[PDB]
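Peer 1: Structure in structure tokens, see below.
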Amino acid sequence: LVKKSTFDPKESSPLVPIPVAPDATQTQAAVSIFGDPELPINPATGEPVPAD
Amino acid sequence: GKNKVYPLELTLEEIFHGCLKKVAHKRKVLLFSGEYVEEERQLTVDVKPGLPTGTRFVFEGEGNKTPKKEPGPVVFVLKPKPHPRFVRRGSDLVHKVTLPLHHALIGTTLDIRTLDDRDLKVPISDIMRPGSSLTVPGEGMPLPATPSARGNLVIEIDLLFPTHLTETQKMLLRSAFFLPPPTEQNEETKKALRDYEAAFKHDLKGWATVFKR
Amino acid sequence: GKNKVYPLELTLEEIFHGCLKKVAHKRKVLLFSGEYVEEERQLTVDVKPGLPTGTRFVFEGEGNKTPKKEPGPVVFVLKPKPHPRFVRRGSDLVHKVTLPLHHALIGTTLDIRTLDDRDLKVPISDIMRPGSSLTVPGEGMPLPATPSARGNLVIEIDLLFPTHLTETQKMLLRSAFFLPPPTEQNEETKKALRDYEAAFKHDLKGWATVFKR
Amino acid sequence: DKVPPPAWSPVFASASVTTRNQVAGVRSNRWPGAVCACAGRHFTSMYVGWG
Amino acid sequence: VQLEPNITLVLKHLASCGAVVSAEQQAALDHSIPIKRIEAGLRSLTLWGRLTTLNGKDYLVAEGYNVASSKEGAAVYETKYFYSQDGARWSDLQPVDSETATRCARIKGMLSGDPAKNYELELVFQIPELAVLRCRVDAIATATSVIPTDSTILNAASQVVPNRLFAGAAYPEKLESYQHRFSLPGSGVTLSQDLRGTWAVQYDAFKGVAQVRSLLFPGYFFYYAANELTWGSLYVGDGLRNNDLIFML
Amino acid sequence: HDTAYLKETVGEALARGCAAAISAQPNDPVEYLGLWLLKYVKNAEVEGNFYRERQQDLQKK
């Protein structure tokens with residue numbers, strides 16, 4: 001009952017929250033070996049970019 | 001009598017989370033001297049999450065003070081700064097994305113970065129019509145009335161058609177756009193499609209997978 | 001100083017060619033009797049070719065006649081009746097046609113019957129973008145100023161995308177939308193394309209051309 | 001759908017089509033659990049599941 | 001005693017029941033599950049099951065929830081569902097409104113591969129395949145989601161949290177030792193309160209591994225190791241429902 | 001009179017709220033006091049709700 005009766009004046013913090021998350025550059029590189037990466041589409045002309 | 005209105009600029013992230021902005025006010029008290037006396041007054045404005053555009057904040061008692069009449073209130077009007085991705089409409093968000101034609105037909109996943117630190121990969125449900133849109137519920141601005149409900153993010157789909165197509169490419173398009181239903185194809189048709197797919201998905205001489213240069 | 005305004009409805013063909021409409025006007029003259037007495041007048045209005053919508057025709061001295069004041073003029077305003085094909089937008093017509101997706105990409109020839117009794121076949125010049133348009137010079141409404149020059153007929157294109165596509169149909173579409181340039185294709189690729197085309201256009205067991213059931 | 005589902009649906013072992021040594025077989029639709037696989041000269045059939 | 005079922009242990013214990021995943025897909029699953037978990041801001045994300053399609057590209061569905069509280073006597077989990085043809089890249093599964101939630105249960109037959117397929121139903125109604133897939137997952141989760149009893153407890157502010165002092169369920173062979181996830185810890189509602197002949201339990205008393213299979217949904221399995229407190233469930237096979245249960249038994 | 005009306009109506013609640021504002025030392029005491037009173041009436045009713053729910057569960061068990 002004390003826990004439910006505690007006042008909690010949640011006010012707008014001046015700073016936008018920032019996320020605490022470990023870096024994922026290493027893991028993202030490992031994932032990229034799975035599957036075929038689709039050829040990117042040139043924004044200027046919808047035709048695909050040159051490839052080999 | 002007369003009130004002074006001041007535009008107040010915020011980013012979409014501040015509106016989503018709820019900012020506590022501090023603003024400086026220049027109050028001009030008028031006296032016998034030719035020049036006026038000005039001072040800087042700091043005001044704390046509390047914007048709650050999901051407040052609609054055009055919200056007016058008024059501070060009574062603050063403003064340029066003529067010797068006789070008590071100064072009128074100062075007015076702060078809320079307007080949002082432009083955002084590279086989302087433009088707000090009513091209570092939800094609008095995301096305009098340019099989409100390649102083959103992404104519309106075959107179907108891919110649109111990847112967007114929300115105002116909250118979450119990453120969405122919404123799939124393309126079916127053949128997107130020209131001018132059609134896709135709606136993701138519970139991804140817009142929070143409701144000003146209740147701090148738990150959210151609007152539905154609206155993705156206005158814009159189609160990017162290819163600029164060139166070869167005669168052989170058009171022939172392949174025509175065959176795919178008039179293929180008989182699978183309960184009608186001949187045995188030659190089934191064998192022909194199998195041969196083409198095997199020669200299209202070839203690991204070495206096939207063009208299914210290519211590496212950009 | 002009151003005037004009688006009467007809408008005048010004309011078909012697009014009449015305005016294009018120039019009609020000669022005979023209209024009936026009911027003029028009321030007030031007498032000593034409790035009720036009025038009215039007569040039907042015949043007025044000849046000569047609409048010139050390609051007159052803009054909203055043209056006002058005024059007949060001076062024609063209107064309800066009060067015992068004292070000379071009757072005011074009667075006003076005829078020109079408005080066009082709806083047309084199954086064309087809606088005029090200024091000096092030129094506008095045609096809205098629903099276009100198949102494969103018609104847009106591959107390219108076909110639209111069929112349009114003009115206001116003049118001449119058939120028109122306009123090819124699709126390139127990849128029709130969603131919300132794009134096509135213009136045919138010299139196929140619009142005649143200019144009111146000069147009786148020879150006309151506007152330009154404008155085709156407003158609204159693509160009709162297919163409703164269902166099978167997995168094998170999508171696979172062929174992906175191969176068509178990612179085919180390597182002809183200077184890059186392998187020898188196996190050229191052989192595969194030649195084999196598939198010869199089977200898709202098979203004279204007896206191919207689906208290149210079929211007869212509707 | 002108005003198209004009856006054909007039996008012996010395909011089954012793959014790799015997402016990419018450029019893998020060097022990948023096995024590939026078929027899986028029956030009429031009997032759920034029956035699968036046939038073949039890698040070169042080594043092929044085998046097996047049925048596991050409810051009868 | 002666990003806080004989240006392991007993907008490896010679930011695949012290991014359910015390999016006998018045919019609940020297996022391709023080795024390359026298993027390798028991709030290990031890398032891409034933490035990536036999606038961080039990207040979606042979820043504190044829990046595990047593989048829910050695998051659905052068979054007419055193509056070899058099956059649907060891999062993994063569910064995840066961020067909050068879980070008691071609401072009107074039902075343990076409500078704000079679950080988020082994701083699907084992926086391969087283990088590399090995941091997409092989202094949006095919830096389905098009620099009007100299409102009733103017109104999707106009448107569509108039967110195992111699904112196709114491409115999620116951009118539209119089914120036509122009777123005037124004609126167009127319904128995306130992804131909507132049909134979401135319906136089947138929701139229906140199976142409502143009927144089959146099972147956890148050991150007393151494994152969850154209510155803290156202050158009415159939230160369901162894992163029981164850190166859960167000592168295990170005595171008599172794991174009995175169906176009274178298992179309950180639905182959405183059942184409140186106080187309520188004595190278990191799998192015994194369901195239909196008499198819809199749940200089959202095979203308990204290995206020596207190895208201390210209890211196995212639960214759903215007869216109304218034949219593709220659902222759930223294991224519970226007794227020597228070490230570890231339980232997990234996985235649905236493998238098509239999402240269709242078994243209606244004529246009385247004739248089969 | 002007016003003082004008696006104020007004391008017996010809001011005298012006790014306001015004193016508790018003022019004590020909380022003194023200890024908390026917020027950045028805006030007037031808003032803090034206003035929200036405290038709104039919470040003050042809210043926790044009282046849910047306290048009765050909590051007692052009723054606890055009694056109901058024991059009887060049901």
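Ordering of the structure tokens sets the chain letters (A, B, ...), residue numbers begin anew at 1 in every chain, and ligands are numbered from 1 in the order given.
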Report as a ChimeraX atom specification all protein, DNA and RNA residues lying within 8 Å of residue 236 in chain E, evaluated on only C-alpha atoms, omitting residues in the same chain fewer than 2 positions from it.

Peer 2: /E:18-19,49-52,219-220,234,238

Peer 1: Please write the residues from the selection above to a file, keeping N, CA, C and O atoms, as a tab-separated table (two decimals), in the first residue's frame.

Peer 2:
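Written out: result32.tsv:
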chain	number	residue	atom	x	y	z
E	18	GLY	N	11.14	-33.93	-34.65
E	18	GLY	CA	11.19	-33.29	-35.95
E	18	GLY	C	11.30	-31.79	-35.92
E	18	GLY	O	11.30	-31.16	-36.98
E	19	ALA	N	11.40	-31.18	-34.73
E	19	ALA	CA	11.53	-29.73	-34.61
E	19	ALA	C	13.00	-29.36	-34.78
E	19	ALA	O	13.74	-29.13	-33.82
E	49	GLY	N	8.54	-20.41	-33.62
E	49	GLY	CA	8.30	-21.63	-34.37
E	49	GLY	C	8.68	-21.45	-35.82
E	49	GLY	O	9.22	-20.42	-36.23
E	50	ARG	N	8.37	-22.48	-36.61
E	50	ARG	CA	8.67	-22.50	-38.03
E	50	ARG	C	7.48	-23.07	-38.78
E	50	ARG	O	6.97	-24.14	-38.42
E	51	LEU	N	7.03	-22.37	-39.81
E	51	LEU	CA	5.85	-22.75	-40.57
E	51	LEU	C	6.25	-23.19	-41.97
E	51	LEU	O	7.06	-22.53	-42.64
E	52	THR	N	5.69	-24.31	-42.42
E	52	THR	CA	6.02	-24.87	-43.72
E	52	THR	C	5.22	-24.18	-44.82
E	52	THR	O	4.03	-23.89	-44.66
E	219	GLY	N	1.44	-29.77	-34.58
E	219	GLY	CA	2.79	-29.29	-34.77
E	219	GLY	C	3.43	-28.61	-33.58
E	219	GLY	O	4.52	-28.04	-33.73
E	220	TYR	N	2.80	-28.64	-32.41
E	220	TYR	CA	3.29	-27.92	-31.24
E	220	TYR	C	3.91	-28.91	-30.26
E	220	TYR	O	3.31	-29.95	-29.95
E	234	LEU	N	8.24	-24.95	-29.13
E	234	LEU	CA	8.48	-24.61	-30.52
E	234	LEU	C	7.42	-25.28	-31.38
E	234	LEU	O	7.13	-26.46	-31.21
E	238	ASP	N	2.80	-26.78	-40.47
E	238	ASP	CA	1.77	-25.84	-40.89
E	238	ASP	C	0.88	-25.46	-39.70
E	238	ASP	O	0.71	-26.22	-38.75

Peer 1: Give the strand (DSSP E) residues of range 61-112 of chain B, as assigned by DSSP on the backbone, as a list in words.

Peer 2: residues 74, 75, 76, 77, 78, 79, 80, 86, 87, 88, 89, 92, 93, 94, 95, 96, 97, 98, 99, 100, 109, 110, 111 and 112 of chain B

Peer 1: Considering only C-alpha atoms, return as a VMD selection string whatever protein or nucleic-acid residues lie within 8 Å of residue 34 in chain D, sequence-local ones (same chain, fewer than 2 positions apart) excluded.

Peer 2: chain D and resid 27 to 28 31 to 32 36 45 to 48

Peer 1: Go through chain A and flag each residue having an atom no more than 8 Å from chain F; for those, report the closest pair of atoms plus their distance in Å to one decimal, using only C-alpha atoms, ordered by chain and rising number, as a tab-separated table.

Peer 2:
residue	atom	partner	partner_atom	distance
A:1	CA	F:47	CA	6.9
A:4	CA	F:43	CA	7.3
A:5	CA	F:43	CA	5.4
A:7	CA	F:39	CA	6.9
A:9	CA	F:32	CA	7.1

Peer 1: Let's have the selection written as a PDB file, in the first residue's frame, with N, CA, C and O atoms.

Peer 2:
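result-v8.pdb, freshly written:
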ATOM      1  N   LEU A   1       0.823  -1.205   0.000  1.00  0.00           N
ATOM      2  CA  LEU A   1       0.000   0.000   0.000  1.00  0.00           C
ATOM      3  C   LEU A   1       0.859   1.258   0.000  1.00  0.00           C
ATOM      4  O   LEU A   1       0.519   2.250  -0.657  1.00  0.00           O
ATOM      5  N   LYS A   4       2.093   1.768  -3.508  1.00  0.00           N
ATOM      6  CA  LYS A   4       1.074   2.318  -4.394  1.00  0.00           C
ATOM      7  C   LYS A   4       0.760   3.775  -4.080  1.00  0.00           C
ATOM      8  O   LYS A   4       0.322   4.514  -4.969  1.00  0.00           O
ATOM      9  N   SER A   5       0.977   4.207  -2.839  1.00  0.00           N
ATOM     10  CA  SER A   5       0.632   5.555  -2.410  1.00  0.00           C
ATOM     11  C   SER A   5       1.777   6.550  -2.557  1.00  0.00           C
ATOM     12  O   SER A   5       1.589   7.733  -2.260  1.00  0.00           O
ATOM     13  N   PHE A   7       4.106   9.281  -4.025  1.00  0.00           N
ATOM     14  CA  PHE A   7       3.969  10.308  -5.047  1.00  0.00           C
ATOM     15  C   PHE A   7       5.120  10.217  -6.041  1.00  0.00           C
ATOM     16  O   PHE A   7       6.273   9.992  -5.664  1.00  0.00           O
ATOM     17  N   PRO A   9       6.017  12.647  -9.131  1.00  0.00           N
ATOM     18  CA  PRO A   9       5.793  13.783 -10.049  1.00  0.00           C
ATOM     19  C   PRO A   9       6.714  13.733 -11.266  1.00  0.00           C
ATOM     20  O   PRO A   9       7.710  14.447 -11.384  1.00  0.00           O
TER      21      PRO A   9
END

Peer 1: Distance limit 10 Å, atoms considered: only C-alpha atoms. Which chain F residues sit that close to chain E? Return them as a PyMOL selection string.

Peer 2: chain F and resi 57+60-61

Peer 1: Quick check: residues of chain E within 9 Å of chain A, only C-alpha atoms, returned as a CSV table (one decimal) with C-alpha atoms, in the first residue's frame.

Peer 2:
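Result file is out.csv:
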chain,number,residue,atom,x,y,z
E,24,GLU,CA,23.0,-22.6,-42.0
E,28,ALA,CA,22.3,-17.2,-39.0
E,31,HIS,CA,24.1,-14.0,-35.1
E,32,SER,CA,20.9,-12.2,-36.0
E,34,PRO,CA,20.8,-10.3,-30.7
E,35,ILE,CA,20.9,-7.8,-33.5
E,38,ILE,CA,18.7,-4.5,-29.7
E,86,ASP,CA,16.1,-17.0,-43.7
E,87,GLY,CA,17.8,-16.4,-40.4
E,88,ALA,CA,19.6,-13.3,-41.6
E,89,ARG,CA,17.1,-10.5,-41.9
E,156,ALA,CA,4.1,-4.7,-6.9
E,157,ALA,CA,2.3,-2.5,-9.5

Peer 1: Need to verify the contact set: residue 15 in chain A, 9 Å, only C-alpha atoms, exclusion of same-chain residues closer than 5 positions in sequence. Can you return it as a list in words?

Peer 2: residues 14, 19 and 20 of chain B

Peer 1: Just to be explicit: take each residue in the selection above, keep N, CA and C atoms, and write the result as a PDB file, in the first residue's frame.

Peer 2:
ATOM      1  N   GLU B  14      11.826  16.184 -29.448  1.00  0.00           N
ATOM      2  CA  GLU B  14      11.435  16.847 -28.207  1.00  0.00           C
ATOM      3  C   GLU B  14       9.935  16.743 -27.971  1.00  0.00           C
ATOM      4  N   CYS B  19       9.813  18.013 -23.860  1.00  0.00           N
ATOM      5  CA  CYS B  19      10.946  18.850 -23.506  1.00  0.00           C
ATOM      6  C   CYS B  19      10.580  19.821 -22.386  1.00  0.00           C
ATOM      7  N   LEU B  20      11.610  20.447 -21.817  1.00  0.00           N
ATOM      8  CA  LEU B  20      11.459  21.513 -20.826  1.00  0.00           C
ATOM      9  C   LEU B  20      12.333  22.665 -21.309  1.00  0.00           C
TER      10      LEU B  20
END

Peer 1: For each of B:102, B:201, B:28, B:65, take the minimum atom-to-atom distance to chain D, counting only C-alpha atoms, then give the residue where this is smallest.

Peer 2: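 Once distances to chain D are computed over only C-alpha atoms, the minimum belongs to B:201.
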
Peer 1: Within 12 Å of chain E, which residues of chain C show up when using only C-alpha atoms, listed as a list in words?

Peer 2: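 The contacting residues on chain C are residues 162, 163, 164, 165, 166, 167, 168, 169, 170 and 171 of chain C.
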
Peer 1: When you look at residue 90 in chain C with a cut-off of 10 Å (counting only C-alpha atoms), what residues show up, excluding the ones that are within fewer than 4 positions of it in the same chain? I need them as a list in words.

Peer 2: residues 50, 51, 52, 53, 94, 140, 141, 143 and 151 of chain C

Peer 1: Check which residues of chain E sit at most 9 Å from chain D using only C-alpha atoms, and return one row each with the closest pair of atoms and their distance in Å to one decimal, ordered by chain and rising number, as a tab-separated table.

Peer 2:
residue	atom	partner	partner_atom	distance
E:17	CA	D:49	CA	7.6
E:18	CA	D:48	CA	7.1
E:22	CA	D:13	CA	6.5
E:23	CA	D:13	CA	8.0
E:24	CA	D:14	CA	6.6
E:25	CA	D:14	CA	7.8
E:53	CA	D:9	CA	8.4
E:54	CA	D:9	CA	5.8
E:55	CA	D:10	CA	6.0
E:56	CA	D:11	CA	4.2
E:57	CA	D:12	CA	7.5
E:58	CA	D:11	CA	9.0
E:85	CA	D:15	CA	8.5
E:86	CA	D:15	CA	6.4
E:87	CA	D:15	CA	8.9
E:107	CA	D:1	CA	8.5
E:108	CA	D:1	CA	9.0
E:109	CA	D:5	CA	8.0
E:110	CA	D:5	CA	8.4
E:119	CA	D:1	CA	6.6
E:120	CA	D:1	CA	7.0
E:121	CA	D:1	CA	8.4
E:218	CA	D:50	CA	8.6
E:237	CA	D:32	CA	8.7

Peer 1: Deliver the residues from the most recent selection as a file, using N, CA, C and O atoms, as a compact mmCIF listing (two decimals), in the first residue's frame.

Peer 2:
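The resulting file, again18.txt, is reproduced below:
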# COMPACT_ATOMS: atom_id res chain seq x y z
N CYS E 17 11.39 -34.91 -32.10
CA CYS E 17 10.04 -34.64 -32.57
C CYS E 17 10.01 -33.98 -33.94
O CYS E 17 8.95 -33.50 -34.36
N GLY E 18 11.14 -33.93 -34.65
CA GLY E 18 11.19 -33.29 -35.95
C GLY E 18 11.30 -31.79 -35.92
O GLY E 18 11.30 -31.16 -36.98
N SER E 22 17.51 -25.79 -40.37
CA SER E 22 18.68 -25.98 -41.22
C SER E 22 19.93 -25.45 -40.53
O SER E 22 19.89 -24.46 -39.80
N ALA E 23 21.06 -26.13 -40.77
CA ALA E 23 22.30 -25.78 -40.09
C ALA E 23 22.73 -24.35 -40.41
O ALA E 23 23.14 -23.61 -39.51
N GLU E 24 22.66 -23.96 -41.68
CA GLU E 24 22.99 -22.58 -42.04
C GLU E 24 22.00 -21.60 -41.42
O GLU E 24 22.38 -20.52 -40.96
N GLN E 25 20.71 -21.96 -41.41
CA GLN E 25 19.72 -21.12 -40.74
C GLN E 25 19.98 -21.06 -39.24
O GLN E 25 19.76 -20.01 -38.62
N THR E 53 5.88 -23.93 -45.95
CA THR E 53 5.27 -23.27 -47.09
C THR E 53 5.38 -24.17 -48.32
O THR E 53 6.14 -25.14 -48.33
N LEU E 54 4.60 -23.83 -49.35
CA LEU E 54 4.67 -24.58 -50.60
C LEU E 54 6.05 -24.50 -51.24
O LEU E 54 6.44 -25.44 -51.94
N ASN E 55 6.78 -23.42 -51.02
CA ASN E 55 8.17 -23.33 -51.42
C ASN E 55 9.07 -23.78 -50.28
O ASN E 55 8.65 -23.90 -49.13
N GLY E 56 10.34 -24.04 -50.62
CA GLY E 56 11.30 -24.39 -49.59
C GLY E 56 11.62 -23.28 -48.62
O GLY E 56 12.19 -23.56 -47.56
N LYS E 57 11.26 -22.04 -48.95
CA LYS E 57 11.51 -20.88 -48.10
C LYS E 57 10.44 -20.83 -47.02
O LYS E 57 9.42 -20.15 -47.16
N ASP E 58 10.67 -21.56 -45.94
CA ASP E 58 9.72 -21.59 -44.83
C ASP E 58 9.76 -20.27 -44.07
O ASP E 58 10.66 -19.44 -44.22
N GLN E 85 12.25 -15.37 -43.88
CA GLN E 85 12.44 -16.55 -44.70
C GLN E 85 13.75 -17.25 -44.37
O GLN E 85 13.81 -18.48 -44.29
N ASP E 86 14.81 -16.48 -44.16
CA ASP E 86 16.10 -16.98 -43.71
C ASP E 86 16.45 -16.33 -42.38
O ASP E 86 15.84 -15.35 -41.96
N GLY E 87 17.46 -16.89 -41.72
CA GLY E 87 17.83 -16.41 -40.40
C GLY E 87 18.58 -15.09 -40.37
O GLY E 87 18.93 -14.63 -39.28
N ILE E 107 -9.73 -19.38 -44.58
CA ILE E 107 -8.77 -19.72 -45.62
C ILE E 107 -7.88 -20.84 -45.09
O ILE E 107 -7.18 -20.67 -44.09
N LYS E 108 -7.91 -21.98 -45.77
CA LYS E 108 -7.16 -23.16 -45.36
C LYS E 108 -6.16 -23.54 -46.45
O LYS E 108 -6.06 -22.88 -47.49
N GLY E 109 -5.42 -24.61 -46.20
CA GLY E 109 -4.35 -25.00 -47.09
C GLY E 109 -3.04 -24.37 -46.69
O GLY E 109 -3.00 -23.22 -46.25
N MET E 110 -1.94 -25.12 -46.83
CA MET E 110 -0.64 -24.63 -46.41
C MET E 110 -0.21 -23.44 -47.27
O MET E 110 -0.46 -23.40 -48.48
N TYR E 119 -4.85 -13.65 -51.19
CA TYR E 119 -5.92 -14.62 -51.32
C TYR E 119 -7.22 -13.90 -51.63
O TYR E 119 -7.47 -12.80 -51.13
N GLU E 120 -8.06 -14.52 -52.46
CA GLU E 120 -9.36 -13.98 -52.82
C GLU E 120 -10.45 -14.83 -52.20
O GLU E 120 -10.41 -16.06 -52.29
N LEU E 121 -11.41 -14.18 -51.55
CA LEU E 121 -12.46 -14.85 -50.82
C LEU E 121 -13.80 -14.17 -51.09
O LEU E 121 -13.85 -12.98 -51.44
N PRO E 218 -1.25 -30.38 -34.02
CA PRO E 218 -0.25 -31.46 -34.01
C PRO E 218 1.19 -30.98 -34.10
O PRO E 218 2.09 -31.74 -33.73
N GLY E 237 5.79 -27.04 -38.40
CA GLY E 237 4.74 -27.52 -39.28
C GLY E 237 3.75 -26.42 -39.61
O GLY E 237 3.82 -25.29 -39.13

Peer 1: Could you go through chain B and tell me which residues DSSP, when run on the backbone, assigns to alpha helix (DSSP H), listing them as a count of residues only?

Peer 2: 32

Peer 1: May I have the residues within 10 Å of residue 14 in chain A as a VMD selection string, using only C-alpha atoms and disregarding those fewer than 3 positions away in the same chain?

Peer 2: (chain A and resid 11 17) or (chain B and resid 14 17 to 22 46)
